[PDB]
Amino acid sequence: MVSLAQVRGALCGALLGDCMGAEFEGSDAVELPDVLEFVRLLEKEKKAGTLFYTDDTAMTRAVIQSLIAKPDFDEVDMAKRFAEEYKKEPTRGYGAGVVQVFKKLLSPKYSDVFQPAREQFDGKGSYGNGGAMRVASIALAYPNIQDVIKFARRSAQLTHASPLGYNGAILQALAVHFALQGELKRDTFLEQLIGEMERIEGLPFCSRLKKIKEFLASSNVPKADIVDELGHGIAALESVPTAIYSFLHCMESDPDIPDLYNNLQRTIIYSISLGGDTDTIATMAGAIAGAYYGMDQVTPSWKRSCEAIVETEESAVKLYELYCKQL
């Protein structure tokens, strides 16, 4: 049985990764030293709430409010909350494409809430990581893996109609789902994910999960190799496996990151140090780590720095009660 500490951990880990990663997003200059300096400064900051969240968290909050309002899952309700959140705070950092989905949903013209997403990119759909950046809460609300898969897919398909986009969301939901199942050994965790994605894809995501297995079996893998083989990009394929790798890697000491940081801290630091799409890779890695290690590794000095931490903690309690009702 999942603990309150795990649901809280996942949501706070997602918030921290977004808030902390946001400062570096789209840098091909961010290096580990920058991130370590940022963290030391952040811990000494006298004012609370100095880091604002981005679209990653804005959409997360909308997903959560939809699940609480309509716990059997209502994609029409969720689409409306996404569109209305966009309209209310359009500057949070959304992808250039997905804005058009929100505009179409806000218009009177579409009865099918999935149709705007299908029309994206000449009808091929978005392959971006926006479906995955917000999907953790599906795994926190629905214990049954079949529900996690079908609702991750549908939640993603409101904006991301490409199989790369919505399979990336499924993968991220499954990573959170398997992280909730306890002391899970690295090898078991990957076997669980590969098992599910082979069925779902069959294989681009499986191929990357296989590379992850190879990397974890090596030592001192340079950042360059991770970036080159897994990616650090806005495409789901180039970010969701990378977030999973970050989590798995950070289950053990990293030679470049001081051991005074706990595993969840290490995970967020490491994620951000890979550069590229840093808010999204760290929000995804942070969700997984939070689910795994729980709220005991979300420290007071870190969490107080984030916009909407109190609202986030309150929403975790509500999600936990939905999870418990689903049992």
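Rigid core: the largest C-alpha set superposing within 1.5 Å between the two forms. So that there is no doubt, residue numbering starts at 1 and follows the sequence shown.
Farther from the shown form on average, by C-alpha root mean square after a core fit in 7 other deposited structures of this protein, is 22 to 30, of the stretches 22 to 30 and 35 to 43. Where the structures in 7 other deposited structures of this protein are fitted on the rigid core, 179 to 187 is the one of 179 to 187 and 73 to 81 whose C-alphas sit farther from the shown form on average.
Missing coordinates between residue 202 and residue 203 amount to 10 or more residues of the deposited sequence.
According to the PDB record, 82 to 90 carries the higher mean C-alpha B-factor of the two stretches 82 to 90 and 155 to 163. Averaged over Cα atoms, the B-factor as recorded in the entry is higher for 118 to 126 than for the other of 139 to 147 and 118 to 126. Highest CA B-factor among 30, 295, 39, 64, as stated in the entry: 30.
Note on the listed residues 246, 172, 107, 239: the highest Cα temperature factor in the record is that of 107. In the PDB entry, a CA B factor belonging to the lowest third of its chain's modelled residues is recorded for residue 56. Split the chain's modelled residues into thirds by C-alpha temperature factor. Residue 322 is in the middle one. Ranked by Cα temperature factor within the chain, residue 48 sits in the highest third according to the deposited record. Ranked by C-alpha B-factor against the other modelled residues of its chain, residue 286 falls in the lowest third. The PDB entry assigns residue 23 a C-alpha temperature factor belonging to the highest third of its chain's modelled residues.
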